[PDB]
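Everything on this sheet refers to the single structure shown next.
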């Protein structure tokens, strides 16, 4: 769906290997996605993806797995029949690779379109003493940068639905 994307990426030459890793989705423009809390995407190896999220009460833990295909900033996810509502074209609009990324995509689950902000999930910064606090602090630590890129796409972090709290 190279036609469903609405913005031009600031990282058209996205380095997949640097983008690879775990990411927690902190907030986005889709009210329908608020149903899946503290969503964590784990991109690994050549084209593997493991996505995990819960119910709004921390329960109903769910995992869906898929295969990715990247073309610069663009990538498709093909989830196993389970998670089909999330299979779709996506595009990394901005990222510093080490801390955050802003992604646009067109999954049916988001009523066809969403722009979300994700922060890197790593044991280097995460000490399970929980997820919500981790996400908030990471957003706060990178607020300046996130706000600036978001601004570039006519959005404000405050205008997004929080999807991990």
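Residue numbers (the working numbering): 1 to 165. Backbone N, C-alpha and C define an ideal beta-carbon position, used for all residues, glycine too.
Going by beta carbon distance, what residues of the same chain come within less than 7 Å of residue i, once the five residues before and after it are set aside?
i: residue 7; result: 93, 104, 153
i: residue 32; result: 109, 110, 111
Cα separation between residue i and residue j?
i: residue 131; j: residue 158; result: 20 Å
i: residue 124; j: residue 141; result: 15 Å
i: residue 72; j: residue 134; result: 29 Å
i: residue 165; j: residue 148; result: 23 Å
i: residue 58; j: residue 163; result: 12 Å
i: residue 98; j: residue 17; result: 12 Å
i: residue 41; j: residue 122; result: 12 Å
i: residue 96; j: residue 119; result: 10 Å
i: residue 23; j: residue 81; result: 22 Å
i: residue 137; j: residue 126; result: 10 Å
Is the beta carbon of residue j closer than 8 Å to that of residue i?
i: residue 28; j: residue 160; result: yes
i: residue 114; j: residue 30; result: yes
i: residue 100; j: residue 145; result: yes
i: residue 79; j: residue 66; result: yes
Counting only the same chain and skipping the five closest in sequence on each side, list residues whose C-beta sits under 6 Å from that of residue i.
i: residue 63; result: 52
i: residue 43; result: 20, 49
i: residue 68; result: 47, 49, 75, 77
i: residue 90; result: 75, 103, 105
At what residues does the alpha helix (DSSP H) containing residue i begin and finish?
i: residue 36; result: No alpha helix (DSSP H) holds residue 36; DSSP gives it neither H nor E.
Along the beta strand (DSSP E) that carries residue i, what are the first and last residues, could you check?
i: residue 139; result: Here residue 139 belongs to no beta strand (DSSP E); instead the alpha helix (DSSP H) covers 131 to 152.
i: residue 5; result: Element bounds for residue 5: n/a, residue is neither H nor E.
I'd like the list of long-range same chain contacts for residue i, defined as Cβ closer than 8 Å, with 5 residues on each side in sequence excluded.
i: residue 15; result: 97
i: residue 83; result: 51, 64, 65, 66
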